[PDB]
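In the structure tokens that follow, the same protein chain appears in two forms, which are kept apart as structure 1 and structure 2.
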Structure 1
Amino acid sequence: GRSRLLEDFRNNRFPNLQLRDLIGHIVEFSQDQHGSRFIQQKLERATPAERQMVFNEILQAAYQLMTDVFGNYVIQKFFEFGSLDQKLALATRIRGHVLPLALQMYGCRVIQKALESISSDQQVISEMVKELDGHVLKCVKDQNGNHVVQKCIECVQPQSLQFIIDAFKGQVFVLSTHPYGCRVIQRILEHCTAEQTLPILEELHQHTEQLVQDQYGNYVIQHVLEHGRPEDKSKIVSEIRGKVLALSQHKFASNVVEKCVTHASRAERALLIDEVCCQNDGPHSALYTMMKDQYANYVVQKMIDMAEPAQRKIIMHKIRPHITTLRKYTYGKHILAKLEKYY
């Protein structure tokens, strides 16, 4: 179960081995740790004829190599450097098995490579994508599958992805708090059409408070703040208003408040800063609490850099009476140069 060529190769007997030396031994080498790397590296510069010689051998073991820990790299190399015909032939061996492969550690890498290598205009890719219909959430929740779903969204014509949008109906919030689901949701926000992202964004806005405080959900909300439409940033802002001081002190939500300050309009950014700038909450002002907090102090620094003229004047004036008193904290010892750059 091991040709002599492979032994001598692994035993460093062939300092100048070449692709054409592997005639008849391609599938064997493709399953070997060093043989796979060797083939990968040689495929890049191989002639059309040499590449075809290789393809002819990988073809008869294609599916097997797709789920092989080393062989999968050889299959991918062909999606990168293969002819359109060789790529369509490999894809055809994927078709019929998309689901199992999507859920497989090495198979999912092959499917992903095919999606970025063949236009979604082709029937193979078109019919491949459709095999996921009826299993969308299963794949989203899978450690391997989720990456295939992300890949379809990034790569395939959005109109054909309506079955993915449909499968998230009613579960956008829940999946936005899921380690993998949050990634797929962001891909959707990036690549889908206005009609498709509409119901997605509606569900997000129905749970903003829970999302901004979630370990994954806060990324989904910042995405909208960073990349979304003004009408969606405004909805998010409306839910943050009346909550700035509170959310500012939260590990996750504090990043969302920073993003509201950065990507909100002039009148919105000031209404958020005013909430803590010219407002009050007992003996001291909201700024007093935020200054010393392990998280809110990052928000304070952000408002300072984004605030209007008359706004920064007040922020520094409420922070003024507590300067020397603000050294003990390991957190506030960074607002130091802060009140020395705009002071």
Structure 2
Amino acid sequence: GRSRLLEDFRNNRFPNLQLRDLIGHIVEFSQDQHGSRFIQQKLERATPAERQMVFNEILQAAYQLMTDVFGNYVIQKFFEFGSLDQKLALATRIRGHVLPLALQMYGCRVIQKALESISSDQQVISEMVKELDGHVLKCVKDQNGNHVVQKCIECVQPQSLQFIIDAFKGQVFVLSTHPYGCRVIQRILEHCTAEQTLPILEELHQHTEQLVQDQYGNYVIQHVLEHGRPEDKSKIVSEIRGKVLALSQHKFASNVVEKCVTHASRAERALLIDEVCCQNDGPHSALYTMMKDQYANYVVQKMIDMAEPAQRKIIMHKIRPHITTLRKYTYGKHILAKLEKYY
């Protein structure tokens, strides 16, 4: 039941209310949208004794607030402004309940806030992260849990995350096409050890042809091209070779092709470009097709940018006559710029 004090506050009868006046009422106010915003605001100016007064009360109902639409922000504010003993005490209230919280709309924010707020070497977060063991795939696919999984990878020591890696065994193809999985895979590639990522990268290479044309998979492949080891870059490039023209005209894979052109060796780059500028297969100039394609024109620009002088001259000579052509097409109207300021 709504106390008179909260009713009175919601009616603006206490225009200069001070945190101290909420003794006994902290939990009630935290579950109220306006009272919660009030407590959030005052915690940022509150003295330490005042924070502690509020803390003593929030600790008593911590789990309840953590899953509350408005109270979860009060909990988060102590992960922001509390001392370590306070944070650890609150995290103690998460422990035992990590899985349900991680799947809960509000609880999942609390968990991420703790992970960002408490040093990874503290026994808690260790205990907290292990609670996800046996539930990793369910969390990864969940709209709330997938952020919790990403935050663990971002904040915790990679060695303790071996269970996540094992969880992904044989699932890297499927999860890379997944709206959240692809994000989880990318955090793994950024944060885990070369030993842990070995099996991930293996499965990525196995399905590169399929992943470069996927709405989410294309991002995972680009990530390896931008941040991976050269030997993995080289593997992805070998899958593109022979398929430049087709993949260049593809909404998703066109992007992968650009990254291949950028991140390949000079030798590899030259062979990719050769496939476009200096070959003959059909009554059409591969370059002509690409120039004015909505997606491929971007690939052509990267090639012009990255080409050796020789290959660039040929690309320019083969575009030169098609000025009027380009004119009509929207997409040729950056290629034309480079042409004019080259001749």
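Here the rigid core means the biggest group of C-alpha atoms that line up within 1.5 Å when the two forms are laid on top of each other. Residue 1 is the first residue of structure 1, and the numbers go on in sequence order from there.
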Open item on the list: Once both forms are fitted on the core, what is the Cα shift for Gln123 between structures 1 and 2 in Å?
Closed with: 1.2
Open item on the list: Given the rigid core as reference frame, how large is the C-alpha shift of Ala61 between structures 1 and 2? Answer in angstrom.
Closed with: 0.7
Task: Value in Å for the CA shift of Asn12 between structures 1 and 2, taken after the core is superposed - done: 2.0
